[PDB]
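Chain by chain, the residues:
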Amino acid sequence: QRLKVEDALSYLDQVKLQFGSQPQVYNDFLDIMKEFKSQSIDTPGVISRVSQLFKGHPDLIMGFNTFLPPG
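Residues numbered from 1 in each chain as written, not as in the entry; some residues may be left out. Heavy atoms only, no water.

Asker: Lay out the overall build of the protein chain with the relevant residues and their values.
Answerer: Looking only at helices and strands, one finds four helices and zero strands in the protein chain. Counting helices and strands in the order they occur from the N terminus, the protein chain gives α-α-α-α. Over its C-alpha atoms the protein chain spans a radius of gyration of 12 Å, differing by no more than 12% from the 11 Å that the globule rule assigns to 71 residues. Seen along its three principal axes, the alpha-carbon backbone of the protein chain occupies a region of about 30 × 25 × 20 Å. In the protein chain, of all internal contacts separated by at least 6 residues, the share reaching a separation of at least 24 is 48%. Put simply, the protein chain shows about 5,700 Å² of open surface, and 51% of that area lies on carbon and sulfur atoms. When the 7 basic and 8 acidic side-chain charges of the protein chain are each reduced to a single mean position, those positions are 3 Å apart. (Helix = DSSP H or I, 4+ residues; strand = E, 2+ residues; numbered from the N terminus. Rg over C-alpha atoms; globule rule 2.2 N^0.38 Å. Contact = heavy atoms within 4.5 Å. Areas by Shrake-Rupley, 256 points an atom, 1.4 Å probe, with all protein chains shown as cover. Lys, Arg positive; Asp, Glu negative; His and termini not counted. Charge placed at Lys NZ, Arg CZ, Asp CG, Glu CD.)

See below:
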């Protein structure tokens, strides 16, 4: 069902704010996240991809880092 959404749309919103001219960036972030949740990739995979995704903005990087689930 998936209906538990409260602090999930917190970081995503920030990403959409800093990037509104390039819809390819946001769509790319969503795809990567879906791949990780699908057990398709590993932890270092999603972390590395997101890290390179936001090259120049350490804000979004640190945000996703502290947003990572308990491993």
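Resuming the write-up.
Asker: Mind laying out the nonpolar core, listing which residues take part and the relevant values?
Answerer: Formed by 14 residues in total, the largest nonpolar core has its most connected members in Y11, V15, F29, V46, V50, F54 and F64. Where this core is concerned, the elements lending two or more residues are helix 1 (8-18), helix 2 (23-37), helix 3 (43-53) and helix 4 (58-65). Counting residues per element, this core draws most heavily on helix 2, at five residues. Setting aside anything within four residues of it in sequence, one finds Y11 in contact with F29, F54, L60, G63 and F64. (Core = buried A, V, L, I, M, F, W, Y, C linked by side-chain atoms within 4.5 Å. Buried < 20%, exposed > 50% of the residue type's maximum accessible area, 1.4 Å probe, protein only.)

Asker: Would you mind going over the packing of helix 1 against helix 4 in detail, with residue names and values included?
Answerer: Helix 4 packs onto helix 1 with a crossing angle of 165° between their chain directions and a minimal axis gap of 11 Å. Considering their axes alone, helix 1 and helix 4 lie roughly antiparallel with respect to each other. Here the hand of the crossing between helix 1 and helix 4 comes out left-handed. Across from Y11, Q14, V15 and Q18 in helix 1, the residues of helix 4 making contact are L60, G63 and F64. (Axes fitted to C-alpha atoms, helices over the stretch in contact; angles between N-to-C directions. Parallel < 35°, antiparallel > 145°, perpendicular 65-115°, else oblique. Left-handed = near helix turned anticlockwise from the far one by under 90°.)

Purely spatial values, then, with no claim about function.
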